[PDB]
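Single-structure report; data block below.
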Amino acid sequence: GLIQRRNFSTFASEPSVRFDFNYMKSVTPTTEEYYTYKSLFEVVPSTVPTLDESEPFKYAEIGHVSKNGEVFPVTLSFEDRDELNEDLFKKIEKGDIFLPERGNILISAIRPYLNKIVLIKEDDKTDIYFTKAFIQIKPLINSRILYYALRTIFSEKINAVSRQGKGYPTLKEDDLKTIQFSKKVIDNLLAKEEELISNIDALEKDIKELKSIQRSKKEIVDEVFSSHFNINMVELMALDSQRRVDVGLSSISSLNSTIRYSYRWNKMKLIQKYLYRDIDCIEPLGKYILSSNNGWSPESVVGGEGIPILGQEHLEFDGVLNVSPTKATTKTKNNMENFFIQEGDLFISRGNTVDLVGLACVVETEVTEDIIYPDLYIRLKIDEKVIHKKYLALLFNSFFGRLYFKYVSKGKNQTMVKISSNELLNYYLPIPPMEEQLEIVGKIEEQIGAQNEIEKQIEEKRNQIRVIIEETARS
Amino acid sequence: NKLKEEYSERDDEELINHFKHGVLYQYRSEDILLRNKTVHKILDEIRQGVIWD
DNA sequence: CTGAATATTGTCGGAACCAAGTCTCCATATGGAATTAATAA
DNA sequence: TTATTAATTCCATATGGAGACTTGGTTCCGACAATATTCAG
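Just so you know, the protein sequences line up as chains A and B, in that order. So the first sequence is numbered by UniProt numbering: it starts at 2 and just counts up by one. So the second sequence is numbered by UniProt numbering: it starts at 864 and just counts up by one.
Encoded structure:
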């Protein structure tokens, strides 16, 4: 670790004589400028707002804010008072709500390292409330200047005055009033104020433009299968809502081969009767599967030494392996070569939540390193003449592969719901001719490729802002 | 029958892994090494920079 | 009759946290893969 | 007779677990200020 040495005196600093390792790591002897909280920002005391009980207002927790300072408020009304959001209304009535004064820079107290600093810009509308866990810190040297000086830089020191204290990492306003902000940062940043705000505004306008057309990685897979099989999107999520499935004794045996009479099995059978009313392409998967393996999941150490191992997090809704291993093992099995992925395989996911079970992926990346897949995967070697593995993975990640594996997979612990070879072999998927396939794929491929192309531009301008701030504050 | 005074402390990696690779793995030393010339750690850093008395 | 009582309210501080979200590593039969004594022949 | 499956024991796979781990931020007790009252000689 570190062999830091300090001298009693030091712990004299700050009105709590504290001597935890982090604070004393942040102290250091200083020779340069000091400043204080005086010639900069100013803490604002909290207050109870006058909520109007006639219109839908907004509210914002700490989880509703992101590391990029983008609040995602929820809309409450005081005419609903539903027991699902009753906690929010109760904490509002308690007095855990305030309203920023259009120019302050709210800072989260709990765990301040996750950049929850947000800006309430001057020229704006649709006033949003906030939790007392946020610190109104309204500045005197222009909000944007202090916001950008706090987000990227002045972060190794706001995070070094947190109270660990047998639990939550937490920031306190009193400690926040003690940081030793250098002047060269603010001096240089205000010196270039007239153009820094301009080009940063241009960059964030481009980011907003990219975000305006950004689409989720699952809806794309959800729409093409919905727009190609001519199934309306507003009934299979409305038929899945009603829960009064009624079956007879005779229907239990039909295609069961294990006599399973759970409720979810019967609802799966009901939904299958709806997803295939007009589609005439369904063929049993059992006759298109040639083998099935599981994998090898030894004990693993995170960021250790040995052969890397994949996890369930590496399977995404696009049928492409993430191939970004984290765990690494050092055990042997005398047959390790049987589980070293290799390009071209199809990996369905066995073991996950009731909604993330069955997600398949094709290893489309060329890797010269041997990477083991766990017992939580199932490798499918299908005939590459009728199924087109990528299409099968996309189908498994589609609502076809969700409304089935959500209701057929087994286990008493529905937090680690697992599938088995029986459900794979007894799966009546719709397989259209090879002409129809490679059209759903390809369309989905280009749409997701475009969505990924505008996913690094966002984290290119969001990095350009940071590097520009760093360069200007260092010149 | 003992160690060697030339190295004394095991700051030379040497064949420590050979004391856990096999057979000699059954005769390994599961005891905390106490150093007095180099540290590479914290425990033998405390035993040098602290003046208990 | 001045008093700073006590007696509550209502609100900062703080939690050997722990509610949400979601990834796992390991026992254990099995079943098949080896026999066997069978089994006709 | 030379087979014989139908009986066996022996390991690699497969299924399942009164689950277990992990990132992150929420409820809520409990002091405690500010009441919050004074009576009381």
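Positions of the beta carbon are idealized from the N, C-alpha and C atoms, including for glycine.
Give a yes or no on whether the C-beta atoms belonging to A/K173 and A/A134 are separated by under 8 Å.
Here residue 173 of chain A refers to the residue found at position 172 when the first sequence is read from its first residue. Here residue 134 of chain A refers to the residue found at position 133 when the first sequence is read from its first residue. For the 8 Å CB-CB criterion, A/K173 and A/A134 do not form a contact.
Limits of the unbroken beta strand (DSSP E) element including A/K382:
For this step, residue 382 of chain A is matched to residue 381 along the first sequence. Per DSSP, A/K382 is one residue of the beta strand (DSSP E) stretching across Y378 to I383.
Per DSSP, the bridge partner or partners of A/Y60:
Walking along the first sequence from the start, residue 60 of chain A turns up at place 59. In DSSP, A/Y60 forms a bridge with A/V75.
If we ignore side chains and look at the alpha-carbon of each, how far apart do A/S217 and A/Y378 end up?
Taking the first residue of the first sequence as 1, we reach residue 217 of chain A at position 216. Taking the first residue of the first sequence as 1, we reach residue 378 of chain A at position 377. Near 25 Å, if we compare the C-alpha coordinates of A/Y378 and A/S217.
Quick one: using the 10 Å Cβ neighbour count with 16 as the cut-off for buried, is B/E869 buried or exposed?
Reading the second sequence from its first residue, position 6 is the one you call residue 869 of chain B. Counting the other CB atoms within 10 Å of its CB gives B/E869 a total below 16, which places it among the exposed residues.
I believe A/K274 touches A/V246 by the beta-carbon criterion, under 8 Å. Please report the beta-carbon distance rounded to the nearest angstrom.
Position 273 of the first sequence, counting from 1, holds the residue named residue 274 of chain A. Position 245 of the first sequence, counting from 1, holds the residue named residue 246 of chain A. With 8 Å as the limit, A/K274 and A/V246 do not qualify as a contact, their Cβ atoms being about 11 Å apart.
Could you spell out the range, first to last residue, of the beta strand (DSSP E) harbouring A/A361?
Along the first sequence, one-based indexing puts residue 361 of chain A at 360. Segment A361 to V363, the beta strand (DSSP E) holding A/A361.
I want to know whether the stretch 411-428 of chain A touches the stretch 371-385 of chain A - three or more CB-CB distances under 8 Å.
Under the 8 Å Cβ criterion, the stretch 411-428 of chain A counts as touching the stretch 371-385 of chain A, having at least three qualifying pairs.
Using 8 Å as the Cβ pair cut-off and three pairs as the minimum, do the stretch 381-400 of chain A and the stretch 324-333 of chain A touch?
Contact between the stretch 381-400 of chain A and the stretch 324-333 of chain A is absent, because fewer than three Cβ pairs lie under 8 Å.
To test your reading of the DSSP string, which unbroken beta strand (DSSP E) runs of 3 or more residues are found completely within the stretch 265-340 of chain A?
Entirely contained in the stretch 265-340 of chain A, the beta strand (DSSP E) runs reaching 3 residues are, in chain order, 283-285, 290-294, 308-310 and 328-330.
If you run the structure through DSSP and keep just helix, strand and coil, what is A/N353?
Stepping through the first sequence from its first residue, residue 353 of chain A is reached at position 352. It is a strand residue.
Would you kindly check if the distance between the Cβ of A/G352 and the Cβ of A/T331 is under 8 Å?
For this step, residue 331 of chain A is matched to residue 330 along the first sequence. For this step, residue 352 of chain A is matched to residue 351 along the first sequence. No. Outside cutoff.
Just tell me which of A/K26, A/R82, A/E87 and A/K122 has its CA closest to the CA of A/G70.
By one-based count along the first sequence, residue 70 of chain A stands at place 69. When each option's Cα is compared against that of A/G70, the closest is A/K122.
Tell me, to the nearest whole angstrom, how far the beta carbon of A/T132 is from that of A/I98; I am working on the premise that it is less than 8 Å.
Here residue 132 of chain A refers to the residue found at position 131 when the first sequence is read from its first residue. Here residue 98 of chain A refers to the residue found at position 97 when the first sequence is read from its first residue. The Cβ separation is near 7 Å, so the contact holds.
Return the residue from the list A/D223, A/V248 and A/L250 that minimises the CA-CA distance to A/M238.
Start at 1 with the first residue of the first sequence, and residue 238 of chain A comes out as number 237. The shortest C-alpha separation from A/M238 is found at A/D223.
According to DSSP, is A/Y130 part of a helix, a strand, or is it coil?
Stepping through the first sequence from its first residue, residue 130 of chain A is reached at position 129. It is coil, neither helix nor strand.
Excluding five sequence neighbours on each side, which residues of the same chain lie with their C-beta closer than 7 Å to the C-beta of A/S78?
By 1-based counting over the first sequence, the position of residue 78 of chain A is 77. Counting only Cβ-Cβ distances below 7 Å, and skipping sequence neighbours, we find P57.
Which first and last residues belong to the beta strand (DSSP E) in which A/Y429 is found?
The residue labelled residue 429 of chain A in the question sits at position 428 within the first sequence. Looking at the DSSP string, the run of the beta strand (DSSP E) that includes A/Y429 is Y429 to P431.
Three or more beta-carbon pairs under 8 Å between the stretch 183-200 of chain A and the stretch 28-44 of chain A, yes or no?
Verdict: yes, contact present.
Helix, strand or coil: which one does DSSP assign to A/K411?
Residue numbering aside, residue 411 of chain A sits at position 410 when the first sequence is read from its first letter. When DSSP states are grouped into helix, strand and coil, A/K411 belongs to the strand group.
Tell me which residues share the same chain as A/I129 and place their Cβ nearer than 6 Å to its Cβ, disregarding the 5 neighbours each side in the sequence.
Looking up residue 129 of chain A in the first sequence gives position 128. Result list for A/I129: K59, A61 and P74, in chain order.
Mark A/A150 as exposed unless 16 or more other C-beta atoms lie within 10 angstroms of its C-beta, in which case mark it buried.
Within the first sequence, the letter at position 149 stands for residue 150 of chain A. With 16 or more other Cβ atoms within 10 Å, it is buried.
Start and end of the alpha helix (DSSP H) containing A/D88?
The residue you call residue 88 of chain A lines up with position 87 of the first sequence. Per DSSP, A/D88 belongs to the alpha helix (DSSP H) from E87 to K95.
Looking at the strands, I want to know which residues DSSP matches up with A/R164.
The count along the first sequence starts at 1 and reaches residue 164 of chain A at position 163. A/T171.
Spatial neighbours of A/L291 in its chain, beta-carbon cut-off 8 Å, leaving aside the 5 residues before and after:
In the first sequence, counting from the first residue as 1, residue 291 of chain A sits at position 290. The answer, listed in chain order, is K382, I383 and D384.
Report all residues from its chain with a CB closer than 8 Å to the CB of A/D21; omit the five preceding and five following residues, and keep chain order.
Locating residue 21 of chain A in the first sequence gives position 20, counting from the first residue. Here the set comprises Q165.
In chain order, what residues of the same chain lie with their CB nearer than 7 Å to the CB of A/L120, ignoring the 5 residues before and after it?
To locate residue 120 of chain A, count along the first sequence from 1; it is residue 119. Within the same chain, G70, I106, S144 and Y148 come within 7 Å of A/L120 by CB-CB distance, once the 5 residues on both sides are set aside.
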